[PDB]
Amino acid sequence: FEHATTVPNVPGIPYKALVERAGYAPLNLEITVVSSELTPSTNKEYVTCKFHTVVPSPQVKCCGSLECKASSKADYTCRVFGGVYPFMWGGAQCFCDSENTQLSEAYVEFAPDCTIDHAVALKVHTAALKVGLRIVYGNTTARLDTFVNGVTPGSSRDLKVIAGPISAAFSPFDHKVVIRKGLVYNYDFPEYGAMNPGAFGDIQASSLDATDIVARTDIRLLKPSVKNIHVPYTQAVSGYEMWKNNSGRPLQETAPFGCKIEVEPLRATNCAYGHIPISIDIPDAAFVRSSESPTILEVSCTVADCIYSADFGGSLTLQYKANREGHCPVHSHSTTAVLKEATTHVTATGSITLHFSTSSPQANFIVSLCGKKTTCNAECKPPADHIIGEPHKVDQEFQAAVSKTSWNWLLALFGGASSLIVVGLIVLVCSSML
Amino acid sequence: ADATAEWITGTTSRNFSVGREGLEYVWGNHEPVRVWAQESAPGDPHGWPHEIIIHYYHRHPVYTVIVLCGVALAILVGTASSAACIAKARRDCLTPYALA
Ligand SMILES: *[C@@H]1O[C@H](CO)[C@@H](O)[C@H](O)[C@H]1NC(C)=O
Ligand SMILES: *[C@@H]1O[C@H](CO)[C@@H](O)[C@H](O)[C@H]1NC(C)=O
Ligand SMILES: *[C@@H]1O[C@H](CO)[C@@H](O)[C@H](O)[C@H]1NC(C)=O
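Residue numbers (my numbering), protein chains in the order written: chain C, 9 to 442; chain G, 738 to 837.
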C-alpha cells in the first residue's frame, strides 16, 4: 500500500496516522522526525587572518643610487631614501657622506598562529535537507534517514519512503557567510581582489599554505629620522581584529526557527519551518486480515476533565463492545486533536481510557476505535501554566479557536441582524402590495 | 528571531516575551533552555460574554477589537436600515389615509 501524508518539520512531536486497506484491518503508522539538517553547497572563496607584516633587511647602497622593482609578494611597498647616513653599531656603514642611499622593503604574510585563528569566507547556495525518520508500523519500529528533495528511496528493509519537497525552504545562511573557529556569521565580505585597508578581507589567500597571497593594507614607508638602520613604517589596522571586535553575534545565537549551526560541514540541524510530504510503500507483512482482527460493535467516548494545552491535557474513555480478542488501533481524525496511544487491547464490552492534546476550546472530534468511527464533544478549559516546557502538539485553526458558546453569540447577533433585514424586506413587500 | 544579547553584572531581572513559537535562552556557559507560551489568557471562553471578550482580547487584541467592531457596525447598520424600511412602509401605507 502506498500511503501519502504530510508531517510537520518540527523535530520530535511524533505524528499519528492510520492506514486502512480495503481487504485488511486498519493499522497504525507513527512518523517521528527525529533529526534534520540543512547542508548547503558551499565553496571556499578565500581565507583571511592577521598579517605578520615582515620587513626585510634594508639594502643600503653607497656612492650611487639603486631602484627597486615590483614583486609578487603580498602588498609589496618599496621606497628609496636618498641622502641617508646609516650608523649601525661600530660606526658609519658606508663612506659616501651625504649621498648614501637606502632601500626599505615591506610586505605582508600570514601570522604564525593563522592555522587556528583564521576566518574562511564561503558562498552559500541552496540547501538540501536530510531527515531522520522513526517509522512505527505493525508493532515494528524502524530507523531510517532520507533526502527531502524528492524521489529518493534512501530507506532499507521492505519500507520504501519518499519525502516530498519542502513547502517553503527558508535557508538560514545568507549568500555570504564567514566561519571562524566554529562560529558562523552572516557577513558581506568583499570579493577576491576587492579589499580595503582596515576592513575584513584585507589579506586574501586561497589557503593558509598558498604562495599566492594578495593584500592592500595601507602600509607606507617613512624616511628614517634617527641615524640608525631601522625601517620606519605605518600601516593600517588589521581588518581581522576590527571585524573580531565588532562581529556581532554568530548564527548560533541569531537563527530563525530555532535550529543550531555546526561546521565541518556547514549545517543547520533540527530546523522547524514547514511540512514534508511522505509517501510510504508499506509492506503487506504487517497487514493483517480483517477476519482475524477483533472488530468492535458499538462505542461512545465520554471525555472528562479536558484542558487544552501543549501537554496531553485530555482523558476520554471509550466503551467498547468487541467480540474477539486482541488489539487494533485508535486514531483521532481531527487536525486539532491528537491522541497519545497507538493501539489498545480490547477484550469484550469493556472500557478504555486515552489521552489527547488539543488547542481548541471545544473538542468535538472523531476517534475511530479499530476502524469504526465515533465522534464526541467537550468543553475544554484554558491551562493554568503560562509557560510550558515542551512545544505544542497541534496548531491553532481559525475555525476551531472560537469556542462553541462564543460561536453561538456571534451567530446569534449576526442571525438576529440578518432576520431583521429579512423582516424589513418582507415588510417592504407588504407595503408594495398595497 | 528577535535575538537579544546582553552582558549582565549583578543580581538583576530581565523580561522576555514568549510566544506559541517559543523562546530559547542561554545563560552563560549553561546549555540552552527552550520554553513555550500556551494560551492561558485570563477569563473563561465558555462562560459569560464579558469573560469571553476579555479572554479573546488578551489572546489576540487586534482580531478581537475588529470582530467586536464588526458586530457593532453590523447591528447598527441593520437596525438603521430596517428602521428606514419600516418608516418607508409606514408612510407609504399611511399616505392613502392621509390624502383622504
Ligand atoms: C506485535 O506484538 C504484540 C506484542 O508483542 C502482539 O500482541 C501483536 O500481535 C503484534 N502485532 C503484529 C501486527 O504482528
Ligand atoms: C572593541 O572596541 C571598542 C572600541 O574600539 C572597545 O571599547 C571594546 O572594549 C572592544 N571590545 C569589545 C569586546 O567590545
Ligand atoms: C516585567 O514583567 C512583570 C510582569 O509582566 C512586571 O511586573 C514588571 O514590572 C516587568 N519589569 C520590567 C523591568 O519591565
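All C-beta atoms, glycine included, are put in the ideal place defined by N, C-alpha and C.
**Q.** Counterpart residues of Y241/C in DSSP-defined beta bridges
**A.** Paired residue(s): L229/C.
Q. Taking 6 Å as the cut-off, is the CB of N147/C close to at least one heavy atom of ligand 4?
A. Questions concerning ligand 4 fall outside what the structure shown contains, since the ligands it does hold are ligand 1, ligand 2 and ligand 3.
Q. Roughly how many angstroms separate the alpha carbons of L274/C and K401/C, rounded to a whole number?
A. Near 30 Å, if we compare the C-alpha coordinates of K401/C and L274/C.
Q: Pull up the distance between the alpha-carbon of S179/C and that of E45/C, whole angstroms please.
A: Their backbone Cα atoms lie some 11 Å apart in a straight line.
Q) CA-CA distance, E761/G and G190/C? A) Near 20 Å, if we compare the C-alpha coordinates of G190/C and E761/G.
Q | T56/C at chain G interface by Cβ criterion, 7 Å | A | No, because no Cβ of chain G sits closer than 7 Å to the Cβ of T56/C.
Q. Just to check, is the beta-carbon of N385/C closer than 6 Å to a non-hydrogen atom of ligand 3?
A. Not under cutoff, so the answer is no.
Q.
So, with DSSP's three-state summary, where would you put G815/G?
A. Correct three-state label for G815/G: helix.
(Q) So, at 7 Å on beta carbons, what are the nonlocal neighbours of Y84/C in its own chain, with the 5 sequence-adjacent residues on each side left out? (A) Closer than 7 Å at the Cβ level, and outside the excluded window around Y84/C, lie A78, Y115.
Q. Is any beta-carbon of chain G found at less than 7 Å from that of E387/C?
A. The Cβ of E387/C sits closer than 7 Å to at least one Cβ of chain G.
Q) With respect to the beta strand (DSSP E) encompassing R151/C, which residues constitute its N-terminal and C-terminal limits? A) Membership of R151/C in the beta strand (DSSP E) is indicated by the continuous run 148-155.
Q.
Once the 5 residues before and after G756/G are set aside, which same chain residues still bring their CB inside 7 Å of it?
A. Closer than 7 Å at the Cβ level, and outside the excluded window around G756/G, lie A774.
Q: Would you mind stating whether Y54/C and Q212/C have Cβ atoms separated by less than 7 Å?
A: In this structure, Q212/C lies closer than 7 Å to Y54/C by Cβ.
Q. Between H394/C and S777/G, is the Cβ-Cβ spacing less than 7 Å?
A. Yes.
Q) Of all the CB atoms in chain C, is at least one closer than 7 Å to the CB of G815/G? A) At least one chain C Cβ lies under 7 Å of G815/G.
Q | Pairwise C-alpha distance: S440/C and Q370/C | A | About 47 Å.
Q. Between which two residues does the alpha helix (DSSP H) carrying residue 3/C extend?
A. The question about residue 3/C has no answer, for chain C in this structure spans 9 to 442.
(Q) Helix, strand or coil, according to DSSP, for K329/C in the structure here? (A) In the structure shown, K329/C sits in coil (DSSP, three-state: anything other than H, G, I, E or B).
(Q) Please report the distance separating the alpha-carbon of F118/C from that of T219/C. (A) Going from the Cα of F118/C to the Cα of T219/C covers about 11 Å.
Q.
Against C806/G, what residues of chain C qualify as contacts under a CB-to-CB distance less than 9 Å, listed in chain order?
A. Result: empty, since nearest Cβ-Cβ is about 13 Å, beyond 9 Å.
Q.
Check whether chain G comes within 7 Å of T413/C, counting only Cβ atoms and requiring the distance to be less than that.
A. For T413/C, the closest Cβ of chain G is nearer than 7 Å.
Q. Taking contact to mean at least 3 C-beta pairs separated by less than 8 Å, is the stretch 264-273 of chain C in contact with the stretch 197-208 of chain C?
A. Contact fails: fewer than three Cβ-Cβ distances are below 8 Å.
Q) Over what stretch of residues does the alpha helix (DSSP H) that includes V431/C continue unbroken? A) Boundaries of the alpha helix (DSSP H) harbouring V431/C: 412-441, taken from the DSSP string.
Q: Would you verify that the beta carbon of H283/C is, or is not, closer than 7 Å to some beta carbon of chain G?
A: Output row for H283/C: interface = no.
Q: Could you tell me the boundaries of the alpha helix (DSSP H) in which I789/G lies?
A: Here the alpha helix (DSSP H) through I789/G covers 786-796.
Q: Compare the C-beta of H363/C with all C-beta atoms of chain G and state if any pair is closer than 7 Å.
A: No, because no Cβ of chain G sits closer than 7 Å to the Cβ of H363/C.
Q) Where does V402/C fall in DSSP's three states? A) Coil at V402/C, not helix or strand.
Q: Kindly say whether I395/C, judged by its beta-carbon, lies nearer than 7 Å to any beta-carbon of chain G.
A: Yes, its Cβ sits closer than 7 Å to a Cβ of chain G.
Q) In chain G, what lies closer than 8 Å to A318/C by C-beta? A) Chain G residues near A318/C: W773, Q775.
Q) Of all residues in the structure, which have a C-beta closer than 7 Å to any heavy atom of ligand 3, taken in chain order? A) So the residues near ligand 3 by this Cβ test are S750/G, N752/G.
**Q.** Proximal chain G residues relative to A263/C, where beta-carbon distance stays under 7 Å
**A.** The contacting residues are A738.
**Q.** Residues whose Cβ lies closer than 7 Å to any heavy atom of ligand 2, in chain order
**A.** Environment of ligand 2, chain-ordered: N253/C, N254/C, taking every residue with Cβ within less than 7 Å of a heavy atom.
Q: Quick one: using the 10 Å Cβ neighbour count with 16 as the cut-off for buried, is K381/C buried or exposed?
A: When all chains shown are included, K381/C counts as exposed.
Q.
By the DSSP assignment, the alpha helix (DSSP H) with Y834/G in it spans what residues?
A. 833-836 is the span of the alpha helix (DSSP H), which, as asked, contains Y834/G.
Q | Cα-Cα separation between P786/G and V410/C, rounded to whole angstroms | A | Each residue's Cα considered, the two are about 13 Å apart.
Q.
For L152/C and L141/C, which I take to be in contact (beta-carbon distance under 8 Å), what is that distance rounded to the nearest angstrom?
A. For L152/C against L141/C, the beta-carbon gap comes to about 5 Å, under 8 Å, which counts as contact.
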